[PDB]
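Just so you know, all these numbers are worked out from the coordinates, no wet-lab data involved. Backbone-built Cβ (ideal geometry, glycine too); neighbour counts: all protein chains shown.
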Amino acid sequence: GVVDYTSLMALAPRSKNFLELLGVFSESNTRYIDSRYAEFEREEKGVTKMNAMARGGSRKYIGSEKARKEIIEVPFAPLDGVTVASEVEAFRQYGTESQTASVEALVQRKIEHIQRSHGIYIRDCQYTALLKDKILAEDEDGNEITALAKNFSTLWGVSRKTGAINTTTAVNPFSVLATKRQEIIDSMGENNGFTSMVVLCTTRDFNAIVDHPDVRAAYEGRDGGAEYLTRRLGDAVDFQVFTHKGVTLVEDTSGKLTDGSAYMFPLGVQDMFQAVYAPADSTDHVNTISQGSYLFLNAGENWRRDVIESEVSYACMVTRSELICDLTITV
Amino acid sequence: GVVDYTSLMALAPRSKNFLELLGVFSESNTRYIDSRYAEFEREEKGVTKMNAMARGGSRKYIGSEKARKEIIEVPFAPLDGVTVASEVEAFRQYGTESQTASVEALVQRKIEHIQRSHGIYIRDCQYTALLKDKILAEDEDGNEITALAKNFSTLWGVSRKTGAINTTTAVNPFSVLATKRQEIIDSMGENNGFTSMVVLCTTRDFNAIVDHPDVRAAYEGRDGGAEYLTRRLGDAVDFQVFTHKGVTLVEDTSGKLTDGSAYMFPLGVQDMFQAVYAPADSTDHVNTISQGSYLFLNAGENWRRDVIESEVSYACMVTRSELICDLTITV
Amino acid sequence: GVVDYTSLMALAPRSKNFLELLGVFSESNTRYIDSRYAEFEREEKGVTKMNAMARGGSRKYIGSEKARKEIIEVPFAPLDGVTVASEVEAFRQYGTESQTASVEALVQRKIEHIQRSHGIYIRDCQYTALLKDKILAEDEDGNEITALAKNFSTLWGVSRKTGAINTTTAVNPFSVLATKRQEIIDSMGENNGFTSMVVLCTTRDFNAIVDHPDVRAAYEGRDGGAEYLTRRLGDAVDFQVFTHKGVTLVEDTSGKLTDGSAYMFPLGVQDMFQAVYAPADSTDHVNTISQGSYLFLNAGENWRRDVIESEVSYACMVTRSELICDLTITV
Amino acid sequence: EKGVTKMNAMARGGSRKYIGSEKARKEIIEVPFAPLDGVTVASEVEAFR
Amino acid sequence: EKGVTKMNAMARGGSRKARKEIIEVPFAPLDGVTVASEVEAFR
């Protein structure tokens, strides 16, 4: 005795995170797998490398295999903690025919509460993947599950870069930023086609870097001058941006970044950031196409109560971590 | 002989006061409870739902066991003062295959007036909760009902921090503000999800605290890209904002805040400012999900008149009162 | 697929504990509330809940006044003993209609066991309330739940009197009890209506104090018996009573008191000891008046057996906790 | 014994119902058998009355 | 690598996290073989 209410979860579509708005974990590089386990492929030169010159008449190259590919388990996080009292049994009292205003309001409030909660968990997963290079999997007590929190620059065999920006000293911060940009470019090689070079920093770090004597005049004159790629692509989100010496300073106002810690990384690199939604934990949605976030009304359980079961499986992957630099500002 | 016109009251949604625009109280932290009593949970040092959780057959935690909950009674406030004229009873004709333009105009004007009054009441409640650190329950003679005027600091066993700013001495006010900022940051613990650090004040306090010799030049040489406050909340509220040293002085232009007192709180902290909506006061509207503000047409109370009955039960809640600092400004 | 069998709980009502027999708790002050939360009013402001009236025709004035009150959540403790031998559902398959031979025996045993266990629980609650001033809330391992184990000396801001009597010493133990009788008398106020000055203690302490040189001349040299009001009223149990100098010693042989703990408190004071029952934990039994101790027959939840589920929600209350004078006896 | 029907505790409204049973002291003994069959009816109406 | 030990319980009351990894199984064909048209007796 369980009713599926996942289709109703589109009444309150999720907003876009800051990362999801920059395009880092966009809706393009996001899949809906059919199983608990997800295969993340690293693009390598040689597997589709036609090259060579063969010979007209025979010996056709059947290039395949020898591709780096690790399968991980998508962590499972339920938000089933709930107890509907009446709630129209979350059924909207036959939401098609007898949809009253009170029932619609209660349904919308519950759906928007379920969304804003999964979206926070998804944001935590994304920021953990970007800032700490691991899958977000922790116990209820708050201790990481080593059996599911696979590190990123260990699974592939890469290592991030480092940095140091003392804005109190006279050295230009953008000199160091450009040097690290060049070091990151040198580590791409084959395709090396990227939209922009962004530096994700906090408000304090942003204002400390910008207010440097070497950069002030430059910021005062332009301050972006409405001629930035991000400002022209979004044109609606309001955050500080600054393009100078090839690196685009971006201000993150969410509280997720510790002060004195910026993360350089390139935008537009293909399959550098991937994420996927695994299916539910039921025996009817197993081996079934994932729907993102799942909502179920449980009435066959204990006759005393009646619970609203909600769940989501979501894991992020950084398939090339050599291109991210962990800066350290000393404002 | 009463007709429920609560549904029609969404025709003219009330505007947002300064606290709603600033993000202190919004639709994200507002719950439509179904009883006279509201339960508020204090999650100290970070709140993050939707953890990883094992997949398939596993524990779907639908409730919390170890917590810190409090129960309060949400004050009631009706504003029935009205008299629907026999012409102002076009409500019975609205949306009934006879709704002309005049009927819609009249009903929307009435609803706009009622919502203006309700928004004034709600603004009073929110400002009382933010500044006075208590629930707004006051008798017709302006005397506080001690039964319903619960103080948050005593309700949680915490105490707001205090500080004194002397804008006539040689000490820099912003050094003191930075010390209070550091104290608040230390108090937040592992949350650190704060978007900004607002210091709400009045025109006199703002103009006297920034004209200090150590901050006069910085104010004079400021930029129009102060922060999200001047950007996001721009073109709607003409206020004065000046970010400096991490603390964002914002001056209030509603008169609800008195001179000589400033309140310094972090924006964006999750489950720090909460609001609830009780249901109506009627046996037909008991044990039901609240609809916010109610509008009833009482056409069976007298033979002479026909009164419009309007009512709302609402209360704000500050679950983290150790993160707000009360500042005394001596001009 | 359950069936409600709480009506049969009246076929064998529980016995009457020593405190219940003594009149400390009774069915007069025992409210069967409708919600999970119980409201207790300390009506210490004389007696003005009801009074005289006048002005026939129309002077009803139905609205009451407001006094000091506290809202607490009553603990919910089940005992799903299960292990129901088939025996046609162990009750002739609801064989309370054609209850010919075996129903009135197996059923009688089942309820005489269930209500015996519930009476043990309720006696524990009452003794914890009177001896320790707190609601009995415990975990499975025996760790107190602080959310529900609300003390009584802080919920009302009153302090119990304390004393110590050394039987070995030469001071008359009843002289000490004479003074602390007055201390409780003064705090009663102007609505003093106590029946007796109960000094309920243990057998060892009773024997030690009555064997004091000053006391034995009156205990042996009098103790008229069948003249003490408690002895005449009860006359159905084995307990020693000695009413000397107003003080009315009562030996408690129930084993709930640790030696050297005499708890002096007035008896018969109206609304000083209150008890509350709460409904079950079912959707059917929500917003329903408490029916005492519940009992259900769960069959379809499992296949290996059929389960009987008993659920009692109970909590005592000592409002005027300033009259109980805990004592310490050294022998 | 205290504990087998000890509802006590405080559980929690919504789940975790205590199914208290077992761990009860219980010994099974054999009931001694004593016959008083020593008798010999002569007529006695064959004790059939 | 954990404990699955059994323990005593009651007549009622229910009573009763493994790291597994997925790999690609290497493929190895030795299809080099020619039928002699007399070894076509595989019928």
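General observations
- Within segment C:135-159, being within 12 Å of another protein chain (Cβ to nearest Cβ) and crowded, with 19+ Cβ neighbours inside 10 Å holds for C:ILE135, C:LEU136, C:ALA137, C:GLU138, C:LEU148.
- Index of the failed condition, B:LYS60 passing every other in (1) farther than 30 Å from B:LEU323 by Cα; (2) of a type in the set (D, E, K, R); (3) surrounded by fewer than 16 Cβ atoms within 10 Å (Cβ to Cβ): (3)
- B:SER261 passes every criterion in (1) among the small types (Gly, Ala, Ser); (2) in contact with a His (Cβ under 8 Å, 6 or more places away or on another chain); (3) under 13 Å from B:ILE329 (Cα atoms) apart from (2).
- All of B:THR128, B:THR169, B:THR154 fail the test of being touching a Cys at 6+ places or on another chain (Cβ under 9 Å) and not aliphatic (A, V, I, L, M), apart from B:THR128.
- Strands (runs of 3 or more DSSP E) wholly inside segment A:1-115 containing at least 2 residues that are over 28 Å from the mean Cα position of the chain (by Cα): A:2-4
- Residue under evaluation B:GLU309, criteria (1) surrounded by fewer than 22 Cβ atoms within 10 Å (Cβ to Cβ); (2) assigned to a loop (DSSP other than H, G, I, E, B); (3) in contact with a strand residue (DSSP E or B) (Cβ under 7 Å, 6 or more places away or on another chain), criterion not met: (2)
- Pairs, first surrounded by 20 or more Cβ atoms within 10 Å (Cβ to Cβ) in segment B:266-279, second among the basic types (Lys, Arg), C-beta under 7 Å, six or more apart: B:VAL269/B:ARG320; B:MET272/B:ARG320; B:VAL276/B:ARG31; B:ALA278/B:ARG36
- Qualifying residue in segment C:241-254 (condition: among the small types (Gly, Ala, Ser) and surrounded by fewer than 22 Cβ atoms within 10 Å (Cβ to Cβ)): yes
- Options C:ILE120, C:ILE111; residue that is more than 10 Å from every other protein chain (Cβ to nearest Cβ) and under 30 Å from C:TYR5 (Cα atoms): C:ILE111
- Candidate set from segment A:224-246 (those that are of a type in the set (D, E, K, R) and closer than 20 Å to B:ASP223 by Cα); member that is nearest to the other protein chains (Cβ to nearest Cβ): A:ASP238
- Considering (1) surrounded by fewer than 20 Cβ atoms within 10 Å (Cβ to Cβ); (2) out of contact with any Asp or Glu (no Cβ under 6 Å at 6 or more places or on another chain); (3) among the β-branched types (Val, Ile, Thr), the lone condition that A:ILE165 does not fulfil carries the number (1).
- Failed item in (1) assigned to a loop (DSSP other than H, G, I, E, B); (2) closer than 19 Å to C:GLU20 by Cβ, with C:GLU322 passing the rest: (2)
- Residue in segment C:228-241 that is under 17 Å from C:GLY23 (Cα atoms) and within 16 Å of the chain's Cα centre (by Cα) present: no
- Every condition in (1) within 25 Å of C:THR203 (Cβ to Cβ); (2) more than 14 Å from every other protein chain (Cβ to nearest Cβ); (3) surrounded by fewer than 22 Cβ atoms within 10 Å (Cβ to Cβ) holds for C:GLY292 except the one numbered (1).
- Reported count of residues in segment B:180-223, each being β-branched (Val, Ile, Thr), assigned to a loop (DSSP other than H, G, I, E, B) and away from every other protein chain (no Cβ under 14 Å), is 2.
- Residue pairs whose Cβ atoms lie under 8 Å apart, sitting 6 or more positions apart in sequence or on different chains, and linking a residue in segment C:299-311 that is more than 22 Å from C:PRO279 (Cβ to Cβ) and within 13 Å of chain E (Cβ to nearest Cβ) to a partner that is of a type in the set (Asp, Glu) and not in a loop (DSSP other than H, G, I, E, B), are C:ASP306/C:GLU89.
- Test set (1) within 8 Å of another protein chain (Cβ to nearest Cβ); (2) buried (at least 20 other Cβ atoms within 10 Å of the Cβ); (3) on the phi < 0 side of the Ramachandran plot - A:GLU87 fails condition number: (3)
- Tabulated pairs, segment D:1-30, first away from chain E (no Cβ under 12 Å) and closer than 30 Å to A:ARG305 by Cβ, second exposed (fewer than 10 other Cβ atoms within 10 Å of the Cβ) and among the small types (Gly, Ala, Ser), C-beta under 9 angstrom, 6+ apart or interchain: D:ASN8/C:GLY142; D:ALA9/C:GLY142
- Selection count where residues are touching a strand residue (DSSP E or B) at 6+ places or on another chain (Cβ under 6 Å) and hydroxyl-bearing (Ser, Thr, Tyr), scope segment C:123-169: 1
- In segment B:247-261, residue nearest to the other protein chains (Cβ to nearest Cβ) [restricted to those that are touching a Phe, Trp or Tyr at 6+ places or on another chain (Cβ under 9 Å) and either closer than 13 Å to B:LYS180 by Cβ or in a strand (DSSP E or B) (or both)]: B:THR248
- Checked against the criterion of being within 13 Å of another protein chain (Cβ to nearest Cβ), closer than 24 Å to B:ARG320 by Cα, of a type in the set (A, V, I, L, M, F, W, C) and crowded, with 18+ Cβ neighbours inside 10 Å, segment B:169-179 has no qualifying residue.
- Scanning segment A:136-170 for residues being closer than 30 Å to A:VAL331 by Cβ and aliphatic (A, V, I, L, M) gives a total of 5.
- Residue in segment C:93-109 that is surrounded by fewer than 14 Cβ atoms within 10 Å (Cβ to Cβ) and hydrophobic (A, V, I, L, M, F, W, C) present: yes
- Subset of segment E:12-28 that is surrounded by 10 or more Cβ atoms within 10 Å (Cβ to Cβ) and in contact with a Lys or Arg (Cβ under 8 Å, 6 or more places away or on another chain) - its residue that is nearest to A:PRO75 (Cα to Cα): E:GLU24
- Boolean, B:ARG42 is of a type outside the set (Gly, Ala, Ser), within 25 Å of A:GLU140 (Cα to Cα), within 14 Å of chain A (Cβ to nearest Cβ) and touching a strand residue (DSSP E or B) at 6+ places or on another chain (Cβ under 9 Å): no
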